[PDB]
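Here's the letter readout for the chains.
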Amino acid sequence: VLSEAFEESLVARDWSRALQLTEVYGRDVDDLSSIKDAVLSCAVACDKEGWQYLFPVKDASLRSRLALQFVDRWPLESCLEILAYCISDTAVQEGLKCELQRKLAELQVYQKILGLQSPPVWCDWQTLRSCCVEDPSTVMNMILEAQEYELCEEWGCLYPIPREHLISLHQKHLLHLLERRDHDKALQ
Amino acid sequence: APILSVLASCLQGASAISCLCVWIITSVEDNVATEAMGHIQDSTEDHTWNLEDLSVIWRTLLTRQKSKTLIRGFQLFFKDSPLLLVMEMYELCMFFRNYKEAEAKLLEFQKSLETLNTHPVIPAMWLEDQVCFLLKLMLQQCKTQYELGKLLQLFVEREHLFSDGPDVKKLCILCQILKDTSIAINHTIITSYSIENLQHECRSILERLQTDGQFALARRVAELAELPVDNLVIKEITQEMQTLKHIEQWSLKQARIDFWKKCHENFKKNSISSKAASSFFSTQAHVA
């Protein structure tokens, strides 16, 4: 009778009336964490509220793999937080750390871009990445529209840019840097 | 068994603040049920429970994480009385991690503690006696270093607590001071924070920051410690000098003059003590 509870509460993935029957009638022993992690996973990617179910899974490798798998449907105000502590975990294998870190890079870049103007140069992570797939010129123009060169450095670093105007981009920053006599920055 | 104690605390004349020990000690695993019993002295049938054995039971259960049992008993037994919320914070934090609701419920706890103060069965002051243990337990036990920062910033305003707890202010300051650095705290200050132990520890943190070169945050870090800011500037200067030698710019006169001038230029921005600058000069002077 107790085991006709999961195998019927994981038909409709209501993993809050089925993570109960593993804590109330469960005599909470240590090794139950795996049976809990399974369900919390299988309910991570089933709804638009995916943000708040991939924190409480103890197996770090699962945290990583799932985040890399489903960073897509997330708002840039929450996927950042989800990735932060994973990249700050002290146990994940160093192989996955590089990938998760690299994705954090693009998340940060699209955040900084997404707000230079007072409103929408995009709609979310999604819109801005779609546009970056699209004509990568309006974004570069807006990036230079603040003369904030360093951000454009990344905004192209993730997106190769024209072999002609790249020089016109590169020199102007050196000019601005020299304008204040910042020797080492110009050297770099 | 644990469907007997509930009937037990239903007959005429059972101490409602007693049967809770029986439930919470007879509805856990073996080793947990055993190692917690060390507080007892008498035999099984001659150990009338009181408002003291629950203390060691509470502590033993929280240590070696198992909280969905207490957060569960306190509903059958003594109801919404504030200790329930003081522990209910502990599920939304350090397990479930939706901190925005944690901030919303802690203040409700404070409001209720004040309002209901305007005879109970959990010894009035017993709350304030024991909440200060759930606090340092929620704090010491956290693993991820960046996981610490969110709790340490959640507390912030409500600093009246942590009677013997670590100094919240400087702690959160250091936390924000590495809000994106790769370093991690040592918990040595966390468990036992002292006016001098902080520096005896943070000297290593400053050296670690110095090795990497990200010297900018180092000033803010050492600032909190109120330690001598001297050698940091000189070290940054030496780092620049080695950088130039790597670029081999010391041969070209123009860069050499520019560097020797920006030296004093920046040194003004730091307002270092005279003698340190005198040494910083005279050393290269004898080298020159």
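Structure shown above.
Rules of the game
Residues numbered from 1 in each chain as written, not as in the entry; some residues may be left out. Chains lettered and ligands numbered in written order. Part of a larger assembly, values for the part shown. Heavy atoms only, no water. Residues with missing side-chain atoms left out of burial classes, pairs and counts. Helix = DSSP H or I, 4+ residues; strand = E, 2+ residues; numbered from the N terminus. Rg over C-alpha atoms; globule rule 2.2 N^0.38 Å. Contact = heavy atoms within 4.5 Å. Nonpolar A, V, L, I, M, F, W, Y, C, P; charged D, E, K, R; others polar. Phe/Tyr/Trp six-rings, centres within 6.5 Å; stacked < 30°, edge-to-face > 60°. Polar contact = N/O pair within 3.5 Å; in protein donor to acceptor, adjacent residues only side chain to side chain. Axes fitted to C-alpha atoms, helices over the stretch in contact; angles between N-to-C directions. Parallel < 35°, antiparallel > 145°, perpendicular 65-115°, else oblique. Left-handed = near helix turned anticlockwise from the far one by under 90°. Expected span 1.5 Å × (residues − 1).

J.: Before we move on, could you go through the overall build of chain B and cite the residues and values that matter?
T.: Each helix and strand in chain B was counted, giving 16 helices and zero strands. Over its C-alpha atoms chain B spans a radius of gyration of 28 Å, topping by over 25% the 19 Å that the globule rule assigns to 288 residues. Dimensions along the principal axes, computed over C-alpha positions, put chain B at roughly 100 × 40 × 30 Å.

J.: Please provide a residue-by-residue account of the overall build of chain A, values included.
T.: A count of helical and extended segments in chain A gives 10 helices and zero strands. Helices (α) and strands (β) of chain A occur, in sequence order from the N terminus, as α-α-α-α-α-α-α-α-α-α. Against the globule reference of 16 Å for 188 residues, chain A gives a C-alpha radius of gyration of 23 Å, more extended than a compact globule. At a minimum sequence separation of 6, the contacts of chain A that also span at least 24 residues come to 31%.

J.: How would you explain the interface of chain A and chain B if you had to name every residue and give the values?
T.: Each partner contributes to the interface: chain A provides eight residues, whereas chain B provides nine residues. Taken together, the residues of the side of chain A that touches chain B break down into five nonpolar, two polar and one charged.

J.: Before we move on, can you summarise the packing of aromatic side chains with the specific residues and values?
T.: Residue and element names in this part refer to chain B. Aromatic pair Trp23 and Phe77: ring centres 6.4 Å apart, planes at 70 degrees, arrangement edge-to-face. Here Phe77 lies in the loop between helix 5 (70–76) and helix 6 (83–92) and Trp23 lies in helix 2 (residues 19–25), a separation of 54 residues in the sequence. Relative to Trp126, the ring of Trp58 has its centre 6.2 Å away and its plane inclined at 75 degrees; by these criteria the two rings are edge-to-face. Of the aromatic side chains, those joined through ring pairs into one cluster are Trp58, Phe74 and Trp126.

J.: Quick one: what's the story with unusual backbone geometry, residue by residue and with numbers?
T.: All names here are of chain B. In the Ramachandran plot, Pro123 falls in the positive-phi region, its phi being about 50 degrees despite a non-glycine side chain. Tracing the backbone through its elements, the reader meets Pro123 in the loop between helix 7 (99–116) and helix 8 (126–140). The residue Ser271 is not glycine, and still its phi comes out positive at about 55 degrees. On the secondary structure map, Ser271 appears in the loop between helix 15 (253–270) and helix 16 (274–287).

J.: Got a sec to walk through the side chain of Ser9(A)? Specific residues and values, please.
T.: You can see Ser9(A) is positioned in helix 1 (residues 6–9). Among the polar contacts listed, one links the side chain of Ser9(A) to the side chain of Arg17(A), at a separation of 2.6 Å.

J.: Outline the environment of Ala14(B), listing residues and values.
T.: Residue and element names in this part refer to chain B. Locating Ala14 in the fold gives a position in the loop between helix 1 (5–8) and helix 2. The sequence separation of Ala14 and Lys100 amounts to 86 residues, and the corresponding C-alpha distance is 40 Å. Dropping the residues within four chain positions of it, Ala14 is found in contact with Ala8 and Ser9.

J.: Hey, could you go over the packing of helix 7 of chain B against helix 9 (residues 145–155) of chain B for me, with residue numbers and the actual values?
T.: Residues and elements named next belong to chain B. Contact geometry of helix 7 with helix 9 gives a least axis separation of 11 Å together with a crossing angle of 25 degrees. Relative to helix 9, the element helix 7 is oriented roughly parallel. Helix 9 is crossed by helix 7, and the crossing has right-handed handedness. Contacts from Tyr99, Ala102 and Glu103 in helix 7 reach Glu147, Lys150, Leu151 and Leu154 in helix 9. Along the lines of polarity and charge, the residues of the contact of helix 7 with helix 9 split into four nonpolar, no polar and three charged.

J.: How would you explain the environment of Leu32(A) if you had to name every residue and give the values?
T.: Mapped onto the elements, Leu32(A) comes out in helix 2 (residues 32–42). Residues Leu32(A) and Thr22(A), 10 residues apart in the sequence, show an inter-C-alpha distance of 8.0 Å.

J.: Quick rundown of the environment of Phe95(B)? Include the residues and the values.
T.: Here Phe95(B) is to be found in the loop between helix 6 and helix 7. The sequence separation of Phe95(B) and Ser67(B) amounts to 28 residues, and the corresponding C-alpha distance is 9.5 Å. In this view, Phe95(B) contacts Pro56(A) and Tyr90(B); residues no more than four positions away in its chain are not counted.

J.: Tell me about helix 12 (residues 197–212) of chain B, residues and numbers included.
T.: Counted at 1.5 Å a residue, the expected span for helix 12 of chain B with its 16 residues is 22 Å, and the 24 Å between its end C-alpha atoms agrees. Remark: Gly213(B) follows helix 12 of chain B within two positions and exhibits a positive phi of approximately 95 degrees.

Coordinates in, geometry out; function isn't part of it.
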